[PDB]
Structure formats: structure tokens, C-alpha cells
Number of protein chains: 4
Amino acid sequence: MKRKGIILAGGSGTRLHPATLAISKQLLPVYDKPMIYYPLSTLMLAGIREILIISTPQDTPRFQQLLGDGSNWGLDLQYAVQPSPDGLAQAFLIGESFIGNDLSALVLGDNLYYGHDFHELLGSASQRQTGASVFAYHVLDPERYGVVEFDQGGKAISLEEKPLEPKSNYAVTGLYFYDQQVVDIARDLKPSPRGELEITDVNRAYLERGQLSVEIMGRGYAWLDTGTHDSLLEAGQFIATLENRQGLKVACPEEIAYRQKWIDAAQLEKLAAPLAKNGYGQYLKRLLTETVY
Amino acid sequence: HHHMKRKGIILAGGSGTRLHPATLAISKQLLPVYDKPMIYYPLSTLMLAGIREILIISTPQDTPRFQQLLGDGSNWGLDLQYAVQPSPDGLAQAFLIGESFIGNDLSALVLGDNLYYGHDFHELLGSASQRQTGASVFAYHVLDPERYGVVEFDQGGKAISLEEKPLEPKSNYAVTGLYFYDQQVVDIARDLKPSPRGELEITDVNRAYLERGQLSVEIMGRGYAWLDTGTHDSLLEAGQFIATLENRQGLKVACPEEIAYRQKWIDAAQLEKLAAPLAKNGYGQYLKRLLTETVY
Amino acid sequence: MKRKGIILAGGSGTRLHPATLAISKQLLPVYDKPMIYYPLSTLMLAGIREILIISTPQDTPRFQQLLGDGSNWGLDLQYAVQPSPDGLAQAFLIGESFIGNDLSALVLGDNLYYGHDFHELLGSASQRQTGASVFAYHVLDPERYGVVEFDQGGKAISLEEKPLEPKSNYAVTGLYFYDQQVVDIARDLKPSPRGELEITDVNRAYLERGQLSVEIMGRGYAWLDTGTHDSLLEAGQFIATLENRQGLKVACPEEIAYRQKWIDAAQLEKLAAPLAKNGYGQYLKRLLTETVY
Amino acid sequence: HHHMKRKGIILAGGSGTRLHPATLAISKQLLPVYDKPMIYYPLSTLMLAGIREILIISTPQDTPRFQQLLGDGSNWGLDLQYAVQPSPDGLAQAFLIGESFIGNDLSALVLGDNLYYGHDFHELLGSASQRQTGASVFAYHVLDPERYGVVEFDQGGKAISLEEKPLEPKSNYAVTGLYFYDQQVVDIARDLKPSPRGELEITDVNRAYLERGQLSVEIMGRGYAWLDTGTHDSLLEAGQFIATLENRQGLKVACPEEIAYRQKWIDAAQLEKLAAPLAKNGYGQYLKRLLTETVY
Ligand SMILES: CN(c1c(N)n(Cc2ccccc2)c(=O)[nH]c1=O)S(=O)(=O)c1ccc(F)cc1
Ligand SMILES: CN(c1c(N)n(Cc2ccccc2)c(=O)[nH]c1=O)S(=O)(=O)c1ccc(F)cc1
Ligand SMILES: CN(c1c(N)n(Cc2ccccc2)c(=O)[nH]c1=O)S(=O)(=O)c1ccc(F)cc1
Ligand SMILES: CN(c1c(N)n(Cc2ccccc2)c(=O)[nH]c1=O)S(=O)(=O)c1ccc(F)cc1
Ligand SMILES: [Cl-]
Ligand SMILES: [Cl-]
Ligand SMILES: [Cl-]
Ligand SMILES: [Cl-]
């Protein structure tokens, strides 16, 4: 079966104002590319080509202008809007008809991932055709997130959203795979005390049915924080260090498409043309002739 | 028969494709430098020079976004007006585009991607602003002067030549992106012919003032930071730099609300209203603290 | 068979003076711990407990004071000196009697590694009981290093040290595993045009015999640069971002020992005592009661 | 019957176990801040104040390493002497340990882990150094004044109290780690009794001057950077900050060779000799460039 993707790139309220007064966070750069390139690249690494992008009513034209219909990158992009920030699960209501009868995967528009064999970690989540797969990652501040509690045997036994007193230091990352059950689970959700349709309520629905796979995302992966000005800066510094050391880019969608064999050498060459005078075009050109393992 | 204050221009137009793809969805001057939009810094810089009437020049695509962020200036005791530069034809064009805005007044041009920091910056700007005749620029020692307008000095310290992006610079002293002009500038600008790059050059403007003995070049000392936003790397260094100062001090660099409050262009009651819609984030809480604390 | 380790923490000349005028680079911190903790931790992750540390004649007391005989961390540390910086291969001459008849592994004292499943990448190199295993990593500046050339089939066909015109962008990292042949290969080496006993000559010796395994260290690993002031700063910023995000440390030797089960809970507790008032002791204490996957 | 220049002290002793294990093998003041040892910055700071006779106070373990780095000062036109602090008994102890070094002279105490940057810093130091009677300190607005000596001001700006690490600070104005004293300091220091932390407090010393009407507290403006080296995080921010300024400018912060050359304590011939053993790295190449270039 096929899996479809959703990037939720909606409003972060006034939290980062005035930096985000003018445009939504996910259109701002992390180092050399718009933030949304990173979760888009994530979906593409998981082998997902049909992708729905959800943003504020103000910002859809801007994502649409940036990304197009995706055909240039061998993707099929569609767009939809979240009128108000009423919770992550709302992605599945807005995205209901896009999903139709397929498998799905939700990625948060402001989450960055890096690590060895990230392709396979996604692939093993993508392969599971029933139930939901999520990731748990050790963090210093688990109160900010969906917290997963494990028993002595390592089995996930509870989930709590932003608990006052967290049960472990393991947080559910912003990457979620679901089967055909998600839409129907989402539609039955009731708004939380914070007025939000909670993604953690969707994930707890699968947990009660014993259908939630919680895979550990090991300490050798970087799940980067874009929630504060400070953490945003750290993410830019982290990506810059990696790219300048290696002469290789992180989350370059044109490169990912090309390695997935969704575009051929001749298309990459055309994509390399408009940016030819800067480092990004120079990078895409160099990928035509170099072997990178 | 006919019978002086200074107006400001911020040029925040198209930085071309140079920083694509990071700048595909928005112009550079709306990207943040740490906790605030880049345009806040040159705006705060004009304000520090005592300038309240300011023209913002941007692309047709991005003007509404600048307008949404900044308004007409009334919240901050300013008057902000808007003009478009449909085609990126060079910095000097600001004066053709801003001709009617300028009228018969003195003026100041600042690049919308330029950040400054340092002690007695107010007084440095004040002395350039008080000089009512001729032009005033600032020379700053940089590693890579080939990237800029470069000023050559003689033994006595007098500026004797200006060159734009010379391959072999005569000194390491670059002209910063901040410029003060008398009433002659618009006319100088109209008589310019495009360079062999298809651009109306600010260096040709400054040379004109120099050839007439009316260019003052003041040194901006090594104790000031004139920060680079020309690359992705330098942009990142710029944010790290502001963050270090702000987290150290508990004070902000280029907070426009604060600067208007200190110039006495808005009062305590007005600052309070400015603080309210941001009361739950660090920026609003900072505006509120300014109401009770004495900061020397 | 057993494998023994050598950390070469010798002189970097005047290259970083005056920052390194007072003490050798490998005794300076990267973020929260002395640099040498990182390659030491690397050896320990590869399961190596008997370790020789080589430094300048001036700096051995300082390493000796810092690290002791290792018994507190379940290691067996010995020390030796490199009188002059006459090449990396000299590690095997100085280290000849330490190595005796065993397998060995050399790590450079100023190299930092991070990534998912780094333990297994080392383990698979450590398992090979014959020949030499090295790693190749894509870098922007291959002229600075030992450059490995691959044929269309991906087989390593040449090695050149600091070539004027490098054949690929793949550099041999500062981590090397050898069998019993290394000492004898090293002893027959002749000084290069730069007056150095070249590690690349040792590795080319195994290559000619077809006994050099060149494993790719993928782009999902970070091999960090400590060669310049700028790169040293980047390494500190990179480690700080990882540790503050996760609440977990990179290359904490006490933790690594404890997870390898070379020290028990009661010993970790004693190690946590002197530093109790700072974050490092607080970290070691917290490791007594928390489950970390 | 008996019948004024100023001596300097740098305290670069034990920072305890606080930054262990990073500081297990060497003391903090020899860790680099970017391209140079931390001790270079306070050393350059004393030099900028015109002080040439300087006592370095370190642990018995690390004195030889300070001596190996710095020598007797003769290469840089200074005279450097050494003393040990066997036990970390508090900052004021510098004056008991440095009593014979000081003699009948004025003095200046600087913390060996403190970095300063900004425009007309020379003149700010000059005005503190010229005041021959009483003591001089600097107050700087910080986010976390609870960590420092905190000065309270009245409506007219007069300093009226000093508190060491108060839980509820009276202002955000911290006393920086740079202190100028007349001849009374040693005696004040000898009469101090240890605090309820087992330490001889510089704040008790400064309070003594204040209780006598002889403490001048000058504001160090927000346009100066007074950088934090108290944590691993702030140390990293410190190096990022120097690197940004130096890579921007093609000039160094706190290069002692340069500062002595500019004070005229060494001449061109001497600077050249200093440049030679480092001719192949960036630091030596920088010393050589200083011989031919005019830097304003
Ligand atoms: C560094 N990574 C990376 C890669 N590993 N690759 C190689 C790769 C490309 C396609 C399929 C499998 C591997 C890339 O072409 N681009 C990359 O950015 S990654 O897999 O950890 C990654 C990929 C996408 C993303 F959004 C974040 C990190
Ligand atoms: C740190 N600086 C600064 C200040 N000195 N002040 C105080 C001040 C405010 C108005 C007049 C004189 C001084 C501020 O209110 N905000 C500031 O950012 S500054 O002069 O170096 C400056 C000011 C404006 C700007 F855009 C960049 C730097
Ligand atoms: C982040 N890493 C790491 C770990 N993965 N672990 C977990 C671990 C510990 C022992 C054996 C296998 C795994 C640690 O205890 N400390 C670590 O620093 S690492 O394997 O990539 C590593 C380990 C040692 C080192 F020097 C650099 C990086
Ligand atoms: C950037 N500064 C500086 C300088 N201004 N100068 C120029 C200078 C040198 C001697 C006297 C007056 C000025 C330097 O030669 N080195 C410097 O680091 S500074 O005044 O802010 C300074 C000086 C010494 C120090 F330790 C830290 C900062
Ligand atoms: Cl892992
Ligand atoms: Cl200056
Ligand atoms: Cl990889
Ligand atoms: Cl100031």
C-alpha cells in the first residue's frame, strides 16, 4: 500500500513575535534553506511523494510560491489551511479527503532530524501497514512535550501531554506514521482543557488498543529544537558545522529526489541552472558527476 | 521667491538570487537576527540619529509585509512611508525613487541589512547629523575590503580617493552602509550613468562629494561592531553576537519601542499599550520592565 | 584475541600558538571535558580497556595526573612519550613493547566522533582479526588528509597523503585498527619528504597486500575538526547543542565504563562524589537511577 | 622622614572544582578564548590602562606555566612578577599576597578570567587611573546581578549601597572585575575578617571606600561588552564573540604585542623579532602586518 504525507506548518501564535510577526516560522531559513525543506526532506527520505502542506490562511500562497506542485522534484504537492491553531490532530480533519483510504504520516513543519541510517529508521516505520509508529527521544525538558512512560521491560505503558511531573525523560518526536484508523480516531476527539485537538490523544487511542509502536530514537540522532530564538540559532549553527565539514548538505530536496531516482540527471541539471552563481546551484551541479556513498 | 531636519531612507529591496533558496519566500530584511527582524536594526539606527520621517524602499512583492510589521510609525512616534523598487538598479536609485519624499530636506541612507553596535554610537551619529553641508560617511577596518567601497587616506589622515570593490584595495577601510547627505544628493544621483554592472553606484555619489571637498569621512573605531549579513555564515554570526550581548546584559540591541521611549517620542502610557499584546513573551515582558527600571 | 589501544596525543607544533603555547591541545576542553576524553571514550566504546597514551615529554605528567592508571574507570592505562613530532606511525615504534603480540587500534588524540550505532561500527572493525580497518569520510577539504580513491565498483585502489590534486573527497579518519603486522610494517618505514613516518604508508602497505578494509563512515556521522581555532569552537558548540537538547553527555568515560559493565553502580557512586556540586557529578549520580536506551 | 604610577595585579588562581573536569589538567586562565590564552585579555586590559608593572597570582601548581607563556615581560616592554596563592581564600587576599609588590604605590586589580571590549575603553580606563585618591570601580547592567557585587543608586545617580550576591538585587548593576585603588587598600585588606563562606571579600573592601566617601562608581555603558566566563556555556559564547569581531575586522582583541607597540613600549625592530617564531601561523603574520599598516 501507498503512504501519503502531511506537513503541519501552522501558526506558533505570538510566541516568537516580533521575529515571526511578518511571516510564519517554517518559511524562515535554518542556515542555507527554508525550514520546511527539512521536514519535507524527511518525508521524502521515508519514500513519500504525495504530500499535503497545511499552513495559516495568510501563508499558503507563500508555501505554494516556494514549493509549487512538486513536479520539478518528482513530488505531488497539494495545499490546505488551518484557520486557527486548534491542535496538531486537526491535520487529520483538514487532511481527511487528501488521505482518502491510504496510509499516512504526519511531520511537524519546524522539526529537524539528522543521523546515520535515518533512511532505514523511517523505512522500518513506513513498512508497518497496521497500527501507528512514533519515536521517543531523550530530552532535558520533557514537560514541553508528549511524554512516554516505559515499564521495566521497556514497554510503553502511558502517554501524557505536557505533564507537570513527567514520568521519564522520553519525548514523542514530531514524526508520526498511521494506518487507516487515524482519521476516524481524530474525528471522535474532543477538545482538551487547552482547547486543542491533541495528537497525544490520537496516539493514546492506538496505545489502549496495543497498536502503538514506540521506537527509541537513539542518542546518536539529533532531533533539533526550533521552539525558541536560542534553539533556532543552535540549529543553524549545527547544520552549518555539518555542511562546512563535509561539503555535503543536510535536507537538500533536489539531492534526495535524485538519489531516490524520482528525477534523472537531466532534470537535476536544469534545477542547477537558476542558482548556478551561488553555492546551492554549485552543489547541485557537483552532484551530477560525484559519487557519494 | 523662497523663504534643518533630516529624513531617512532604508533600502530593503531585492538582494537578488544570491541567498536563494533561504530567501525565496521572503526578503532578507525580514529574516530575523536573533529575536527581531533584521529591518529593526537599521530602523533603530535612524531613530538613534534622531530621524523620525523615514522611507522604506522594498520590492513590490514584500511591501505589504514590511507595512504589516511596521505600520505608519505612529505607535513608535515616527512617520513611515513606503516606496517600491521594481528592479534592483543600485543603491543610488534610493534618491530617484525617494525624490518627492526628500523634498528640500537633508537626508540619511542606511542599508536595511546592516547592523551596528557600540558605545557612544548616539554621539557618533549625532556629529554626522549636525553637519548640515556636504556628505558624511564612516570608514571601518575590515578583513575583506575588496567587497566594499574602500577609502584611501594620506599621511595626515585626509581621505584622498574612493574605489568600489577594488581587486587591490589601498587600505582595509570600508565605507559602512550608513550615509548622511545635504540637499545636493538628489541632483548628483540624477546625473549618474549606470556602471559596467548595470547599477547606479553610491560610491560614484560619495566621490562627487569628495571631488567638491565636501565629503567628511569619519573613522568608526575598532571598538564598534559593524556586522556582516552578506552570507549565510555571517548571518548566523550576527544572531549569535546579538544573543550574547542580550543574554549577558538583560538589555536589547535595536529595540525600537525602547529607543522611541528614550528619545521621548512616546511616553510611559504609550509604551504600556505597546507591551500588552506581547505580555506573554520575552519581548513584551522587556517593554514592561523598561517602565519601572532606570537604565543608564 | 585481545585488542590494545593507543591514543596519540603529541605535539601540533606552533600551529595554534599562542593558545597552545602553555599546554598541549589534547588537554584543553571541548565544551565540558578535556579533549582527550573523546578519543579515550572512542576506544572504550570499541571495548578496549588496555590503553597507551603517548604525549610530549612536557605533557605526560599532566595526562598522568588527569587520567591515573585507569583503575577507577575499569581501564588499564600506561604512558609513553614522543620526543619530537616525526609522524603518526611512530606510535607503533614507541608502542611496540606495549602492543607485544596483540591486536591494536590507534586513535588520534584530537579527533571527535558522534553518531548512531557508533558502537557497532567500531565493533565490526574490532572483530576483524586479520588485516587493517580504516574509515573514509566525505569532507570539503581532502588535501588536508589521507585521501582514498575508489573504483567504479567502490573498491579502494589508492591512498595519497595530502595530495596537491586529491582523487576523491574521501579522507581517512583518525581511527585505525591493525593486526599483528603493524609494528613490523612501521619498523621498515623510511621517513617521508616531510621527514615523517607516515601512517598513510602503513595503510598503503596493507592495501598492496589487499589487506586494507576501507569502510565508509556515512554522512550521518559527525567527525569533527579540531585543526584550527575556528573548528575547535565549532566542536564545542556542536557538543553543547547535543548535550543541552538531550540532557545526555557525549564521550563521558565514567558513563561508558558503567554501561560496558566495567564498573558497578557502587563505583560510579564514588566517582560521582567529588564533583557532586557541579553538573558533571550531578550527571553521574542521575545515571545510577535512570534507564537510558 | 619620607620625601604617581600604578602597579597591577591579575588574580588567576584556583577556580576550585567548579569547572571540573575541563579544568582538571590546567587552570582556567590558560584556557583559550578563541585564538589566545584567557590571561591575555586581562593582561591587555592592564596594559591599556598604562600599567607596566604587574603581579600575576596563580596556584603553586600552575605558576611555571604562566611563567613559560609570559616570561618576565621584557619582550613586551613590561615587568612581570609572580606570587602564589596556595589556598583560594578570596579576591581581597591579592593585597596581602601582593603587599611587598605594591609598596607605597597605587594599584589595580583585575580578574584573570574577565574580558572587556568597546570603544574608547582606553579613555574609560584612563579616567579611572588618573583619580589618585580613593577607589574606582565599574557598574555594568547584567541579567543576573545575584551572581555579583551589586550597586544601588539613589535618584541623583549616587552609589548608596553595595551588596555581595544578594538574593533580591537592588538594581541590575554589577561591579565588573576591574578595580583601581590608592595606598589605603592594603590596610583595609589586612583588617578584613573572613565572610560566612570562608573568604576575604572585595565587596567589603569597596564598601570601606564607600563608607569613607571615596568610592567612585562609573557606569560601563551597554555599548561595552563585559563577557562572562563563569560557565562552559558562557566560555563558548566568549570565544564565538571574539572570533566574530576578529574575522570581521582583520584586527585582534587583546593582542599584547600590538598594545605594547601602540603604547610605544616596544619599537618596530622589537615587534619584528616577536613576529619571527610565529611567522607561519596567523598570529605571527598579524604581528608583521602591524609594522606597515596604519590602523586608526
Ligand atoms: C544527512 N542525511 C542525508 C542523507 N543521509 N542523504 C543520503 C541519502 C539520500 C537518499 C536516501 C538515503 C540516503 C541525503 O541525500 N541527504 C541528507 O540530508 S539524513 O538521512 O540524516 C537526513 C535526510 C533528510 C532530512 F530531512 C534530514 C536528515
Ligand atoms: C546598544 N545600543 C543601544 C543603546 N545605547 N540604547 C540607549 C540609548 C537610547 C537612546 C539614545 C541614547 C542611548 C538603546 O536604547 N538601544 C540600543 O540598542 S547602541 O547605541 O549601540 C545601538 C542603537 C541602535 C541600533 F540600531 C543599534 C545599536
Ligand atoms: C553519543 N554516543 C554515546 C553513546 N551512544 N553512549 C551509549 C552507549 C554506551 C556504551 C555502549 C554502547 C552505547 C554513551 O554512553 N555515550 C556516548 O557518548 S556515541 O556512541 O556516538 C560516542 C561514544 C563515545 C565517543 F567518544 C563519542 C561518541
Ligand atoms: C578593541 N580594543 C583594542 C584597541 N582599541 N586597540 C587599539 C589601542 C591600543 C592602545 C591604545 C589605544 C588603542 C588595540 O590595540 N587592541 C584592542 O584590543 S579595546 O580597547 O576594546 C580592548 C583593549 C584591550 C583589551 F584587553 C580588551 C579590549
Ligand atoms: Cl544511538
Ligand atoms: Cl574604538
Ligand atoms: Cl549515514
Ligand atoms: Cl554605552
Side-chain angles (χ1 to χ4, degrees), chain A residues 37-47 107 111-123 218-222 242 246 248-253 255-260 287 292-293, chain B residues 119 221-223, chain C residues 37-47 107 111-123 218-222 242 246 248-253 255-260 287 292-293, chain D residues 40-50 110 115-125 224-225 245 249 251-256 258-263 290 295-296:
Chain A
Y37 273 34
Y38 297 87
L40 181 69
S41 279
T42 296
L43 288 174
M44 300 169 57
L45 201 70
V107 71
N111 277 219
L112 310 207
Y113 300 93
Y114 163 84
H116 161 81
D117 273 17
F118 190 52
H119 175 261
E120 285 71 17
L121 188 68
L122 292 175
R219 63 205 285 176
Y221 286 105
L242 288 174
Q246 291 185 3
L248 293 178
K249 287 196 192 294
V250 174
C252 171
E255 166 179 17
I256 293 180
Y258 172 73
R259 305 202 180 273
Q260 294 296 33
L287 298 156
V292 181
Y293 314 99
Chain B
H119 155 82
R222 65 203 284 179
Chain C
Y37 273 34
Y38 297 87
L40 181 69
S41 279
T42 296
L43 288 174
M44 300 169 57
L45 201 70
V107 71
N111 277 219
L112 310 207
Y113 300 93
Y114 163 84
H116 161 81
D117 273 17
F118 190 52
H119 175 261
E120 285 71 17
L121 188 68
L122 292 175
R219 63 205 285 176
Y221 286 105
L242 288 174
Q246 291 185 3
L248 293 178
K249 287 196 192 294
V250 174
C252 171
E255 166 179 17
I256 293 180
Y258 172 73
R259 305 202 180 273
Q260 294 296 33
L287 298 156
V292 181
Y293 314 99
Chain D
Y40 275 29
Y41 301 80
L43 182 51
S44 299
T45 299
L46 288 182
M47 297 172 68
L48 205 70
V110 73
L115 290 47
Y116 300 86
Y117 167 76
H119 155 82
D120 271 16
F121 188 47
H122 182 262
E123 288 65 36
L124 183 78
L125 293 175
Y224 294 95
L245 295 170
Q249 285 174 6
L251 298 166
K252 288 195 179 304
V253 183
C255 174
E258 171 172 20
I259 289 165
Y261 178 55
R262 291 202 195 273
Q263 296 286 41
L290 295 170
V295 173
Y296 304 103

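Start at 1 and go down the list; that is how both ligands and their atoms are numbered. Just so we're on the same page: letters track the sequence lines, and every chain starts at 1. Quick note: numbers below take in every heavy atom, side chains included, and nothing from hydrogens, waters or symmetry partners.
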inquiry  = I'd like to know if atom 21 (O) of ligand 3 has any protein heavy atom within a distance of less than 4.0 Å.
reply    = yes
query = What do you think, any protein heavy atom under 4.0 angstrom from atom 2 (N) of ligand 4?
reply = no
Proximal atoms of ligand 3 relative to C:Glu255 (non-hydrogen, under 4.0 Å) = 15 (O)
Those atoms of ligand 3 less than 4.0 Å from some heavy atom in C:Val250 = 18 (O)
inquiry  = side-chain contact (heavy atoms from CB on, under 4.5 Å) for C:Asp117 and A:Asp117? Distances and angles first, verdict last.
reply    = CA-CA 9 Å; C:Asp117 273 17; A:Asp117 273 17; over 6 Å; no
Any idea which of [options] brings a heavy atom closest to [atom]?
atom	options	result
atom 9 (C) of ligand 1	A:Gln260, A:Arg259, A:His116	A:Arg259
atom 25 (C) of ligand 3	C:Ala257, C:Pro39, C:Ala251, C:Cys252	C:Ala251
atom 26 (F) of ligand 3	C:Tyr37, C:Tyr113, C:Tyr38	C:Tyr38
atom 11 (C) of ligand 1	A:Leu122, A:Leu112, A:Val107, A:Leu45	A:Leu45

Between [X] and [Y], is there a donor-acceptor pair closer than 3.5 Å when you use the side chain of the first and the backbone of the second?
X	Y	answer
A:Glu255	A:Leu287	no
B:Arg222	D:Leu245	no
A:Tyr114	C:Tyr221	yes

request  = In sequence, state the C-alpha distance, the side-chain angles, and the governing distance for D:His122 and D:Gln263, and then conclude on side-chain contact (heavy atoms from CB on, under 4.5 Å).
outcome  = CA-CA 11 Å; D:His122 182 262; D:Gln263 296 286 41; 4.3 Å; yes
message = At less than 4.0 angstrom from any non-hydrogen atom of D:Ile259, what atoms of ligand 4 do you find?
response = 14 (C), 15 (O), 16 (N), 24 (C)
key: Contact with ligand 3 for C:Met44, non-hydrogen, under 4.0 angstrom   = no
request  = Determine whether any heavy atom of C:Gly115 lies closer than 4.0 Å to an atom of ligand 3.
outcome  = yes
key: OG1-CD1 distance between C:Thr42 and C:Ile256, expressed to the nearest 0.5 angstrom   = 7.5 Å
query = Closer than 4.0 angstrom: is that true for some heavy atom of D:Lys252 and an atom of ligand 4?
reply = yes
query = When you measure from atom 5 (N) of ligand 4 to every protein heavy atom, which one gives the shortest distance, and what is it?
reply = B:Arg222 CD, 3.6 Å
ask   = Relative to each other, are the rings of D:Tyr116 and D:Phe121 parallel, tilted or perpendicular (30° and 60° limits)?
value = parallel
ask   = Looking only at heavy atoms, what is the nearest atom pair of C:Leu122 and C:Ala46, with distance?
value = CD1-N, 3.5 Å
query = What's the verdict on side-chain contact (heavy atoms from CB on, under 4.5 Å) for A:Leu121 and C:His116, showing C-alpha distance, side-chain angles and the deciding distance?
reply = CA-CA 11 Å; A:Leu121 188 68; C:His116 161 81; over 6 Å; no
